[PDB]
Each structure stands twice: as structure tokens, then as C-alpha cells.
Amino acid sequence: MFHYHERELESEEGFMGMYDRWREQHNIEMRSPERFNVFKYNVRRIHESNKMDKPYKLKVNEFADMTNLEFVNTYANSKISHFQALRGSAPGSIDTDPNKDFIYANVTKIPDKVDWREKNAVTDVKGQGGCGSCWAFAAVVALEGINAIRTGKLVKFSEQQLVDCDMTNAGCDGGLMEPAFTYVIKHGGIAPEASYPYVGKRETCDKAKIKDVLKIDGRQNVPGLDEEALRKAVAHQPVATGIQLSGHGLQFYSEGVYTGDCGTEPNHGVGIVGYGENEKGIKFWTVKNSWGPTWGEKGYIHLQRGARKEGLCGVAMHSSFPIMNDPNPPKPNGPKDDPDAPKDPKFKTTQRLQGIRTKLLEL
Amino acid sequence: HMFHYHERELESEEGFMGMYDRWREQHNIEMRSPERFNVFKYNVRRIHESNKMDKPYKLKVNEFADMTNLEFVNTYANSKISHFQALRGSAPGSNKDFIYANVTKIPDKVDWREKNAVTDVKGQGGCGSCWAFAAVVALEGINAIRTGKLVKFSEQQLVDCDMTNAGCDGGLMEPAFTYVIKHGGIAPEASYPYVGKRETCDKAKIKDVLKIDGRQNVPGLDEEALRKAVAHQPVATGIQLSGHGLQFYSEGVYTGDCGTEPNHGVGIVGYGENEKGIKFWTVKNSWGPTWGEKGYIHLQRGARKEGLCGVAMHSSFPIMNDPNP
């Protein structure tokens, strides 16, 4: 981290010294009155925020000399909300064939705290760069997670293969995570990162780098505007979802639970790797970002959980996960497996029930 | 005026397609596409879902129903105020030189529209001239207050002539008033009409000018300091109008979620408190009378230190020295 004293803010000389010290500490070759002005703007705002009674803290990070408009347009431009409107359902929407429903809909015994990083199902924090590829990054957090859970082997997958090969999405201009998993099903799998390394710019789909693939059985969307449905999914595997990471407070987030203001128009894809509740009673989501370990809490953000119907920053708007069919399904114990329980509860698709009757009358 | 629909139309694709075509016929949209129809269902479902909730505000299916919020904001809310403020300006929270610092007797409710100091709702178009629009709401206000004559001023003069700002790419309202001081005044709109695109600075359209004595910024992150200034004259300020709920706002007090990067300029023309106890700001927008409450938004007041949507971040006003203090 970068530290400073309150007085460096009182004078232009003290502030200029602090600018150049920050520049040296983060290896910024730029040294301009404009950039110095932006630094002053951002630092005063961090300073003012940290003075408040907030559950979260901000730090003078490597992005300190970028305006938030510059920041967002370089690091948070995957246009998730935009692409969801063009080729997708409104948050909350129900399935086409309401059975297949939501695989975790009926789970009962779930932990109060989950952290997939502790259950060896989370790779290191990655960096996306100027490329609006976060839909690929988020999809990969979910893909790495389920593979690690099902195989016991933690393997880093290719966001680059998704950027280059997934033509249903818009490469570095953005896209959606659900069509990314559909790509992984339809195109025979996702290669490891060692095989298809990340460049940070769209390139030609190289099928010669696509090997040692992870094949998935399916994909599903978590029912939207339901943070409990999201909690139920996260409890089983990391979930891919969009968020609005716009604003100074998110550009400089360092630690604690982010409870601050944010819009509900997702623009950046992230992977939810866990959840819990801190000592002060604040419920949160442990979110893995693609802005390197230099941002937030070693690359993570503990975002407030249970705050809005859509979730803080629209976390519970458009969430989804890849499916790898459970080889050993559990297990509760009670109630009895109902033979009269319908295969379709709306009795529209089928009249068939889950079992057959043994006790039979002549009529 | 208002676009009506029934709940059952949302249940079927045939019904939704019907509603979409009726929406095109009502708003004169001559573009029909599966993509645009998809955007329409996206916004309509979100509008329907919101209005189902117990909210202090309501949303309507306006003319922007076919536009994604990214498309709408980038067409109507891109004046980069927060951006330009960082490059060439002070952090919010920039109380001793402030002209209204020591006023004591101020109304609990103010509405400049009732004191004949607010012109009709204007439209800015695809231009990021909302800094000129915010500055002009403030300029029209103080002139009407000091002279008793309500006169529409030129946002176009500012767009073309104010070289300290970036024309249709955006800018700041405070340098706009500095322009009005340094360049001998702002002409009425009849003299310098609005085009909605930057043009050449025509000095032959600059006549019957309003000259201002000075300019001042309201102390930032103080909604009370802002209330004190609004009580005397309409105030120009940046605000964050991104998101579906603000794209479709129709009525009530907006209490919803908002970012605090006040990138779009507006004029605060008043304030008060709802019968349900909600304190608000009456904000004049430049998105035509077809948006919000006849072109206005009652934004929540006293909600955040920076104000909801960063309303109390970067606010300013032109000064016309009081003849009878």
C-alpha cells in the first residue's frame, strides 16, 4: 500500500510531493498538470470518504490519476446490461420449459458462510486490461470453480478462447456470460489458460491452442432479483454475474464491505466465490474481480448482500453458472419420496407422477 | 402525454408485439426490429416490475422504450461533468465567501416555476450540452428574479463560443458563467437559436445580452448550503441520471439507486417535502416535456452527504448583485 499524511493536502507543494511519490511507487511515466489535478480530485474524495463512518475503506491505488469516466471506460466496459437488453430477458424472468427449472431451488441445508478460495476452487486474481472481456473472466471463474469441485484439480481456464472463438458475444466490446457457457457446450469445451494464454485484445480463433478441454453438461441462470436463490447457487459452486462497478468508491475500494451507492445497470462481469456476515452484522458477497491483486482486498470485493431486490450494484440481476452433473447426488432424511408428486407441478407438460401406486382397488 | 397498457399483454409474445406496434404508432417510431422489440420487452418488464413495488416514484413507457440505457445515456446524458471537473477543477467540498452563507429566514418549500422565473422545458438532443442547459436555467432564473421579465437565453451561444468548455462533448457550468462575464454577456434564444450540434461562434447573433456581476460555487457536500442558494435563485448542478429508473421516471420522488458521478447538468428550481414525509429537489431537465413530470424530476433531498445522484457535489450560480439588500 501507499500511505500519506493529512498536511500533504493543505499545500500545493505538499500535494505535488505526494503526487510524484505515488507516481514513483506505482511506476507512472505520466507527470502532467492535468493528471496532477485528477490526482488531487481523487485523493481529496478518498480522504473525505475515509473520514466518514463507513463499513469500507478506499486507498490511493494505481488508478489515482485517472478520472472515473476514464477508469470505467478502460476497465468496466463489457456493456452487460446493454447486451442483456438486445438479446436477453428482463431480470427475474421464468424459464421457456419450466422443468428444467433451477437445480438448487429445493436445497435445504446450506452454510451460513461460504468461501470457495478455502475449498481450493478459486485460482489467482487475474487482470483483463483495457479489453471489455469481463463476461469471459466471470464465466471462467464459474468454469474453474465447478471443475475444481468435480475433479478435485484446480485448473486455470481460457478467457482468451472465449474472446476469440465465442462469436455469439462481441469479444473486447463486451457480452454475456450465459452465451459463453452455451459456447463451451456447443463447441466441445474450454481449454486451459496454459494452452490458450491471455492477450488482452481479440485475435483469430486458433483451434490448435484448444486442447485438454473442460466439457460441461449444461448451463442455467439463477432466478433474478432473488439474493437467496443466488446464495443457494453460490453454496454449491462459484456463480458468474454482472455488476455496476462505476464510481470513485469502487475505483478506489480497498477493504471492508462496500455498502456505498451504485447504479443497477451491470457493466462488469464478476465471479461470486462466497458470502458471509462481518462482526458489525453486515451481510456480504465475496466477489472475485479481474483488476489484478493490486485492487480491492487482494483482488476481491466484499459487496453488501441482501441490500436491494436486484442486489447492490445489480449483483442479483443477471447471474448464471455452468452445470457439471453431480455423480453422487444427496442423500433429508424426510419427507417420504411422494409417488403422487407430479413430474410437472403445473400439469401442463405432463400428467405423469414421480412414482407408481402399489395399493390398488378395482376402480 | 401518457402510454397505457394492460398486464395480460405481457403474458404472450403476440400481445407484447401488439403493445410494441401500438407504442411505435403512438410515438412515431419508424423502425421495427426483433432487437428493438427485445429492448422494448426488457424495459417494459422492468417498468411493470417497478410499478408493482411500494415506491415513492412511478415509471412510464415513454419514447425511449426501444433504447437500451447505455444507448439513452450516451445520447442524452453524456456531458462528462465529473470527468472535466477532475481534469480542470476542485474536489467536491469547495463556506466563508458564499453569498447565502448567513441567511436565516428561508422558506420550507420553494418553487421558482410559481414565481415566474422558469422557462418552458427544452430539449438538448444528442449533444452533450447539458452544462450549457444547466447554466442557462440558472441565468434565466436570476434575470427573471432581478428584472421581473422572464427571458429564454442561448445554450447555443455557450456551445459555439465558450472555448473553455468542449461544446457537444461536455463541460462545466462554472466556466460557462465566467465566459458570460469575460465575453460581455449571453444573448436571448430568439437571437441565438438552438441547433443541437456545435457551430461557428456568430457574434452577429449575440445582442440584447444579459450581463452578470459574478459567479459562485455552492459549498460542496452540503444540501443545506444548496437549499439556502435555491431559496434565492435556481442553481446549476451536475447529477447522475444513468439507469432504467431514471430513463423511465414519470412521477413521484425518485428515491431509487444512483451513482455519484454527477456527469449530467440540470437546474434545481425548487424544493419541498411530500405528504408522505419525503424531502425533495425539483429539478428541471433538458429531455423535453415528454420525460418525467412534464420535463421535471423530484429527486430525494437530504439522502446522502453528496446528495442523491451527486446533486450536492458540483453546484454553482450566476450573481446579479442585489440592488436592495
# chains A, B, ... in the order shown; residues from 1 in each chain; ligands from 1
call {"tool": "interface_residues", "arguments": {"of": "chain B", "to": "chain A", "cutoff": "8 Å", "atoms": "only C-alpha atoms", "output": "ChimeraX atom specification"}}
result
/B:35-36,38-39,41-43,45-46,68-71,80,82-83,86-92,242-244,257-261
call {"tool": "write_last_selection", "arguments": {"atoms": "N, CA and C atoms", "output": "PDB file, in the first residue's frame"}}
result
ATOM      1  N   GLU B  35     -34.540  -6.992 -32.469  1.00  0.00           N
ATOM      2  CA  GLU B  35     -33.592  -6.434 -31.496  1.00  0.00           C
ATOM      3  C   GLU B  35     -34.277  -5.354 -30.692  1.00  0.00           C
ATOM      4  N   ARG B  36     -34.877  -4.344 -31.373  1.00  0.00           N
ATOM      5  CA  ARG B  36     -35.617  -3.228 -30.764  1.00  0.00           C
ATOM      6  C   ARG B  36     -36.844  -3.692 -29.997  1.00  0.00           C
ATOM      7  N   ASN B  38     -36.986  -6.632 -28.551  1.00  0.00           N
ATOM      8  CA  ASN B  38     -36.381  -7.274 -27.385  1.00  0.00           C
ATOM      9  C   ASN B  38     -36.054  -6.244 -26.309  1.00  0.00           C
ATOM     10  N   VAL B  39     -35.521  -5.060 -26.708  1.00  0.00           N
ATOM     11  CA  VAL B  39     -35.183  -3.938 -25.806  1.00  0.00           C
ATOM     12  C   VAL B  39     -36.459  -3.404 -25.167  1.00  0.00           C
ATOM     13  N   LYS B  41     -39.354  -5.131 -24.647  1.00  0.00           N
ATOM     14  CA  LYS B  41     -39.809  -6.082 -23.623  1.00  0.00           C
ATOM     15  C   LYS B  41     -38.945  -5.955 -22.380  1.00  0.00           C
ATOM     16  N   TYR B  42     -37.610  -5.749 -22.559  1.00  0.00           N
ATOM     17  CA  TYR B  42     -36.692  -5.612 -21.429  1.00  0.00           C
ATOM     18  C   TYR B  42     -37.077  -4.439 -20.528  1.00  0.00           C
ATOM     19  N   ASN B  43     -37.343  -3.269 -21.139  1.00  0.00           N
ATOM     20  CA  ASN B  43     -37.688  -2.052 -20.404  1.00  0.00           C
ATOM     21  C   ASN B  43     -39.090  -2.105 -19.864  1.00  0.00           C
ATOM     22  N   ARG B  45     -40.907  -4.796 -19.038  1.00  0.00           N
ATOM     23  CA  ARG B  45     -40.978  -5.739 -17.910  1.00  0.00           C
ATOM     24  C   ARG B  45     -40.406  -5.100 -16.652  1.00  0.00           C
ATOM     25  N   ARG B  46     -39.298  -4.363 -16.802  1.00  0.00           N
ATOM     26  CA  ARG B  46     -38.654  -3.667 -15.703  1.00  0.00           C
ATOM     27  C   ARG B  46     -39.494  -2.518 -15.147  1.00  0.00           C
ATOM     28  N   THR B  68     -31.628   1.058 -25.262  1.00  0.00           N
ATOM     29  CA  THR B  68     -31.020   0.453 -24.069  1.00  0.00           C
ATOM     30  C   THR B  68     -30.569   1.637 -23.226  1.00  0.00           C
ATOM     31  N   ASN B  69     -30.429   1.445 -21.902  1.00  0.00           N
ATOM     32  CA  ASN B  69     -29.979   2.553 -21.056  1.00  0.00           C
ATOM     33  C   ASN B  69     -28.598   3.036 -21.468  1.00  0.00           C
ATOM     34  N   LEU B  70     -27.725   2.118 -21.942  1.00  0.00           N
ATOM     35  CA  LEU B  70     -26.407   2.511 -22.430  1.00  0.00           C
ATOM     36  C   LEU B  70     -26.580   3.413 -23.614  1.00  0.00           C
ATOM     37  N   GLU B  71     -27.491   3.076 -24.542  1.00  0.00           N
ATOM     38  CA  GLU B  71     -27.772   3.904 -25.725  1.00  0.00           C
ATOM     39  C   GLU B  71     -28.348   5.257 -25.331  1.00  0.00           C
ATOM     40  N   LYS B  80     -20.055  14.652 -19.419  1.00  0.00           N
ATOM     41  CA  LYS B  80     -18.790  14.414 -18.722  1.00  0.00           C
ATOM     42  C   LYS B  80     -18.436  15.447 -17.643  1.00  0.00           C
ATOM     43  N   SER B  82     -18.361  15.216 -14.151  1.00  0.00           N
ATOM     44  CA  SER B  82     -17.439  14.638 -13.154  1.00  0.00           C
ATOM     45  C   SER B  82     -16.013  14.537 -13.707  1.00  0.00           C
ATOM     46  N   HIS B  83     -15.905  14.134 -15.020  1.00  0.00           N
ATOM     47  CA  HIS B  83     -14.676  13.963 -15.792  1.00  0.00           C
ATOM     48  C   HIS B  83     -13.916  15.279 -15.903  1.00  0.00           C
ATOM     49  N   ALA B  86     -12.621  16.742 -12.699  1.00  0.00           N
ATOM     50  CA  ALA B  86     -11.375  16.129 -12.232  1.00  0.00           C
ATOM     51  C   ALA B  86     -10.128  16.696 -12.959  1.00  0.00           C
ATOM     52  N   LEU B  87     -10.241  16.936 -14.274  1.00  0.00           N
ATOM     53  CA  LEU B  87      -9.150  17.431 -15.123  1.00  0.00           C
ATOM     54  C   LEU B  87      -8.812  18.870 -14.861  1.00  0.00           C
ATOM     55  N   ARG B  88      -9.845  19.713 -14.688  1.00  0.00           N
ATOM     56  CA  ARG B  88      -9.689  21.153 -14.532  1.00  0.00           C
ATOM     57  C   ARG B  88     -10.567  21.733 -13.463  1.00  0.00           C
ATOM     58  N   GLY B  89     -10.497  21.177 -12.260  1.00  0.00           N
ATOM     59  CA  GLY B  89     -11.344  21.648 -11.170  1.00  0.00           C
ATOM     60  C   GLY B  89     -11.047  21.047  -9.816  1.00  0.00           C
ATOM     61  N   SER B  90     -11.733  21.611  -8.793  1.00  0.00           N
ATOM     62  CA  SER B  90     -11.618  21.265  -7.378  1.00  0.00           C
ATOM     63  C   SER B  90     -12.494  20.070  -7.012  1.00  0.00           C
ATOM     64  N   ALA B  91     -12.076  19.302  -5.986  1.00  0.00           N
ATOM     65  CA  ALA B  91     -12.816  18.149  -5.463  1.00  0.00           C
ATOM     66  C   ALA B  91     -14.094  18.679  -4.802  1.00  0.00           C
ATOM     67  N   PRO B  92     -15.224  17.918  -4.789  1.00  0.00           N
ATOM     68  CA  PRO B  92     -16.446  18.445  -4.133  1.00  0.00           C
ATOM     69  C   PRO B  92     -16.185  18.726  -2.657  1.00  0.00           C
ATOM     70  N   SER B 242     -28.085   8.023 -14.889  1.00  0.00           N
ATOM     71  CA  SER B 242     -27.940   6.727 -15.549  1.00  0.00           C
ATOM     72  C   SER B 242     -28.928   5.760 -14.921  1.00  0.00           C
ATOM     73  N   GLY B 243     -29.203   4.659 -15.611  1.00  0.00           N
ATOM     74  CA  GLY B 243     -30.127   3.647 -15.111  1.00  0.00           C
ATOM     75  C   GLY B 243     -31.546   3.756 -15.601  1.00  0.00           C
ATOM     76  N   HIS B 244     -32.191   2.582 -15.786  1.00  0.00           N
ATOM     77  CA  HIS B 244     -33.568   2.350 -16.241  1.00  0.00           C
ATOM     78  C   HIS B 244     -34.617   3.243 -15.557  1.00  0.00           C
ATOM     79  N   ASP B 257     -31.807   3.854  -6.572  1.00  0.00           N
ATOM     80  CA  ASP B 257     -30.345   3.814  -6.613  1.00  0.00           C
ATOM     81  C   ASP B 257     -29.779   4.745  -7.638  1.00  0.00           C
ATOM     82  N   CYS B 258     -28.588   5.264  -7.349  1.00  0.00           N
ATOM     83  CA  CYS B 258     -27.903   6.236  -8.157  1.00  0.00           C
ATOM     84  C   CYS B 258     -26.448   6.184  -7.883  1.00  0.00           C
ATOM     85  N   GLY B 259     -25.637   6.441  -8.903  1.00  0.00           N
ATOM     86  CA  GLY B 259     -24.188   6.563  -8.764  1.00  0.00           C
ATOM     87  C   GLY B 259     -23.905   7.983  -8.360  1.00  0.00           C
ATOM     88  N   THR B 260     -22.676   8.291  -7.938  1.00  0.00           N
ATOM     89  CA  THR B 260     -22.350   9.662  -7.509  1.00  0.00           C
ATOM     90  C   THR B 260     -21.299  10.282  -8.388  1.00  0.00           C
ATOM     91  N   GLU B 261     -21.438  10.104  -9.706  1.00  0.00           N
ATOM     92  CA  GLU B 261     -20.515  10.722 -10.666  1.00  0.00           C
ATOM     93  C   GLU B 261     -21.369  11.680 -11.444  1.00  0.00           C
TER      94      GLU B 261
END
call {"tool": "residues_around", "arguments": {"residues": "segment 317-333 of chain A", "least_positions_apart": "3", "cutoff": "8 Å", "atoms": "only C-alpha atoms", "output": "PyMOL selection string"}}
result
chain A and resi 91-92+139+142-143+146-147+150+177-178+181+216-225+230+237-242+310-311+314
call {"tool": "closest_residue", "arguments": {"among": "A:21, A:348, A:358, A:251", "to": "residue 294 of chain A", "atoms": "only C-alpha atoms"}}
result
A:251
call {"tool": "residues_around", "arguments": {"residues": "segment 271-273 of chain B", "least_positions_apart": "5", "cutoff": "8 Å", "atoms": "only C-alpha atoms", "output": "PyMOL selection string"}}
result
chain B and resi 108-111+227+230+278-282+301
call {"tool": "write_last_selection", "arguments": {"atoms": "N, CA, C and O atoms", "output": "CSV table (one decimal), in the first residue's frame"}}
result
chain,number,residue,atom,x,y,z
B,108,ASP,N,-39.7,26.9,3.6
B,108,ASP,CA,-39.6,25.4,3.8
B,108,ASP,C,-39.8,24.7,2.5
B,108,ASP,O,-39.2,23.6,2.3
B,109,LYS,N,-40.6,25.3,1.6
B,109,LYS,CA,-41.0,24.9,0.2
B,109,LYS,C,-40.7,26.1,-0.7
B,109,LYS,O,-41.1,27.3,-0.4
B,110,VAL,N,-40.0,25.9,-1.8
B,110,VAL,CA,-39.6,26.8,-2.8
B,110,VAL,C,-40.0,26.2,-4.2
B,110,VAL,O,-39.7,25.0,-4.3
B,111,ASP,N,-40.5,26.9,-5.1
B,111,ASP,CA,-40.8,26.5,-6.5
B,111,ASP,C,-40.7,27.8,-7.4
B,111,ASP,O,-41.7,28.5,-7.5
B,227,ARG,N,-29.8,24.3,-0.3
B,227,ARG,CA,-31.2,24.7,0.0
B,227,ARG,C,-31.2,26.3,0.1
B,227,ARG,O,-32.1,26.9,-0.5
B,230,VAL,N,-30.8,27.8,-3.5
B,230,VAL,CA,-32.0,27.6,-4.3
B,230,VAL,C,-33.1,28.5,-3.8
B,230,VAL,O,-33.9,29.0,-4.6
B,278,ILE,N,-41.3,12.7,2.4
B,278,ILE,CA,-40.1,12.6,1.6
B,278,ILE,C,-39.6,14.0,1.2
B,278,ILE,O,-40.3,14.7,0.4
B,279,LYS,N,-38.5,14.5,1.6
B,279,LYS,CA,-37.9,15.7,1.2
B,279,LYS,C,-37.4,15.6,-0.2
B,279,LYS,O,-36.8,14.6,-0.5
B,280,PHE,N,-37.6,16.6,-1.0
B,280,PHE,CA,-37.1,16.5,-2.4
B,280,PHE,C,-36.5,17.8,-3.0
B,280,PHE,O,-36.6,18.9,-2.4
B,281,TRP,N,-36.0,17.8,-4.2
B,281,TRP,CA,-35.4,18.8,-5.0
B,281,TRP,C,-36.3,18.8,-6.3
B,281,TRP,O,-36.6,17.7,-6.7
B,282,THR,N,-36.7,19.9,-6.8
B,282,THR,CA,-37.4,20.0,-8.0
B,282,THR,C,-36.4,20.3,-9.1
B,282,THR,O,-35.8,21.4,-9.0
B,301,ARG,N,-34.2,14.7,-1.4
B,301,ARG,CA,-33.3,15.7,-0.7
B,301,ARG,C,-33.0,15.2,0.7
B,301,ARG,O,-33.8,14.6,1.3
call {"tool": "residues_around", "arguments": {"residues": "residue 118 of chain B", "least_positions_apart": "6", "cutoff": "8 Å", "atoms": "only C-alpha atoms", "output": "ChimeraX atom specification"}}
result
/B:112,137,140-141,144,150,269
call {"tool": "residues_around", "arguments": {"residues": "residue 58 of chain A", "least_positions_apart": "4", "cutoff": "6 Å", "atoms": "only C-alpha atoms", "output": "ChimeraX atom specification"}}
result
/A:46,252-254
call {"tool": "residues_around", "arguments": {"residues": "residue 135 of chain B", "least_positions_apart": "4", "cutoff": "9 Å", "atoms": "only C-alpha atoms", "output": "MDAnalysis selection string"}}
result
chainID B and resid 130:131 139:140 155 172:174 176:177 235:237 265:267 316:318
call {"tool": "write_last_selection", "arguments": {"atoms": "C-alpha atoms", "output": "PDB file, in the first residue's frame"}}
result
ATOM      1  CA  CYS B 130     -26.311  19.880 -20.600  1.00  0.00           C
ATOM      2  CA  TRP B 131     -23.673  22.125 -18.919  1.00  0.00           C
ATOM      3  CA  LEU B 139     -29.145  32.502 -15.938  1.00  0.00           C
ATOM      4  CA  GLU B 140     -32.895  32.699 -16.905  1.00  0.00           C
ATOM      5  CA  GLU B 155     -27.380  27.490 -24.696  1.00  0.00           C
ATOM      6  CA  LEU B 172     -18.586  22.647 -16.630  1.00  0.00           C
ATOM      7  CA  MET B 173     -21.270  25.244 -15.708  1.00  0.00           C
ATOM      8  CA  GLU B 174     -18.963  27.486 -13.586  1.00  0.00           C
ATOM      9  CA  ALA B 176     -19.795  28.948 -18.610  1.00  0.00           C
ATOM     10  CA  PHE B 177     -20.750  31.839 -16.251  1.00  0.00           C
ATOM     11  CA  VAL B 235     -28.944  26.623  -9.118  1.00  0.00           C
ATOM     12  CA  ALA B 236     -26.981  24.774 -11.826  1.00  0.00           C
ATOM     13  CA  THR B 237     -25.570  21.337 -10.754  1.00  0.00           C
ATOM     14  CA  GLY B 265     -26.081  19.040 -15.778  1.00  0.00           C
ATOM     15  CA  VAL B 266     -29.514  20.229 -14.541  1.00  0.00           C
ATOM     16  CA  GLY B 267     -31.172  23.250 -12.917  1.00  0.00           C
ATOM     17  CA  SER B 316     -22.995  26.904  -8.876  1.00  0.00           C
ATOM     18  CA  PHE B 317     -24.998  30.046  -9.800  1.00  0.00           C
ATOM     19  CA  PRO B 318     -24.545  33.409 -11.646  1.00  0.00           C
TER      20      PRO B 318
END
call {"tool": "closest_residue", "arguments": {"among": "A:293, A:355, A:276, A:334", "to": "residue 111 of chain A", "atoms": "only C-alpha atoms"}}
result
A:276
call {"tool": "atom_distance", "arguments": {"atom1": "atom CA of residue 225 of chain B", "atom2": "atom CA of residue 133 of chain B"}}
result
22.2 Å
call {"tool": "closest_residue", "arguments": {"among": "B:253, B:145, B:218, B:101", "to": "residue 114 of chain B", "atoms": "only C-alpha atoms"}}
result
B:145
call {"tool": "closest_residue", "arguments": {"among": "B:29, B:81, B:320, B:297", "to": "residue 67 of chain B", "atoms": "only C-alpha atoms"}}
result
B:29
call {"tool": "atom_distance", "arguments": {"atom1": "atom CA of residue 114 of chain A", "atom2": "atom CA of residue 145 of chain A"}}
result
13.2 Å
call {"tool": "select_by_dssp", "arguments": {"residues": "segment 16-92 of chain B", "states": "alpha helix (DSSP H)", "output": "number ranges by chain"}}
result
B: 16-27, 34-52, 69-76, 81-87
call {"tool": "atom_distance", "arguments": {"atom1": "atom CA of residue 341 of chain A", "atom2": "atom CA of residue 101 of chain A"}}
result
15.7 Å
call {"tool": "closest_residue", "arguments": {"among": "A:188, A:197, A:203, A:151", "to": "residue 171 of chain A", "atoms": "only C-alpha atoms"}}
result
A:203
call {"tool": "closest_residue", "arguments": {"among": "A:49, A:284, A:302, A:360", "to": "residue 112 of chain A", "atoms": "only C-alpha atoms"}}
result
A:284
call {"tool": "decode", "arguments": {"residues": "segment 227-272 of chain B", "atoms": "C-alpha atoms", "output": "CSV table (one decimal), in the first residue's frame"}}
result
chain,number,residue,atom,x,y,z
B,227,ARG,CA,-31.2,24.7,0.0
B,228,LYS,CA,-30.0,28.3,1.0
B,229,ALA,CA,-28.9,29.1,-2.6
B,230,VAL,CA,-32.0,27.6,-4.3
B,231,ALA,CA,-34.2,29.7,-1.9
B,232,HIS,CA,-32.8,32.8,-3.7
B,233,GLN,CA,-32.3,31.6,-7.2
B,234,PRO,CA,-32.3,28.5,-9.4
B,235,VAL,CA,-28.9,26.6,-9.1
B,236,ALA,CA,-27.0,24.8,-11.8
B,237,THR,CA,-25.6,21.3,-10.8
B,238,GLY,CA,-24.4,18.0,-12.2
B,239,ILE,CA,-26.4,14.9,-11.4
B,240,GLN,CA,-26.1,11.2,-12.3
B,241,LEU,CA,-29.1,10.2,-14.5
B,242,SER,CA,-27.9,6.7,-15.5
B,243,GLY,CA,-30.1,3.6,-15.1
B,244,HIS,CA,-33.6,2.4,-16.2
B,245,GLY,CA,-35.5,4.1,-13.4
B,246,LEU,CA,-34.2,7.5,-14.4
B,247,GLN,CA,-34.6,6.7,-18.2
B,248,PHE,CA,-38.4,6.0,-17.4
B,249,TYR,CA,-39.0,8.2,-14.5
B,250,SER,CA,-42.6,9.6,-14.7
B,251,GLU,CA,-43.8,10.9,-11.2
B,252,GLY,CA,-43.2,11.0,-7.5
B,253,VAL,CA,-40.0,11.4,-5.6
B,254,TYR,CA,-37.0,9.5,-7.0
B,255,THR,CA,-35.6,7.6,-4.0
B,256,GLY,CA,-34.0,4.8,-6.1
B,257,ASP,CA,-30.3,3.8,-6.6
B,258,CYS,CA,-27.9,6.2,-8.2
B,259,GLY,CA,-24.2,6.6,-8.8
B,260,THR,CA,-22.4,9.7,-7.5
B,261,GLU,CA,-20.5,10.7,-10.7
B,262,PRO,CA,-22.5,13.9,-11.4
B,263,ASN,CA,-21.9,13.8,-15.2
B,264,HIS,CA,-25.1,15.4,-16.5
B,265,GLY,CA,-26.1,19.0,-15.8
B,266,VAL,CA,-29.5,20.2,-14.5
B,267,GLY,CA,-31.2,23.3,-12.9
B,268,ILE,CA,-32.6,23.0,-9.4
B,269,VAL,CA,-35.7,25.2,-9.4
B,270,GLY,CA,-37.1,24.3,-6.0
B,271,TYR,CA,-37.5,22.0,-3.1
B,272,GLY,CA,-40.1,20.7,-0.6
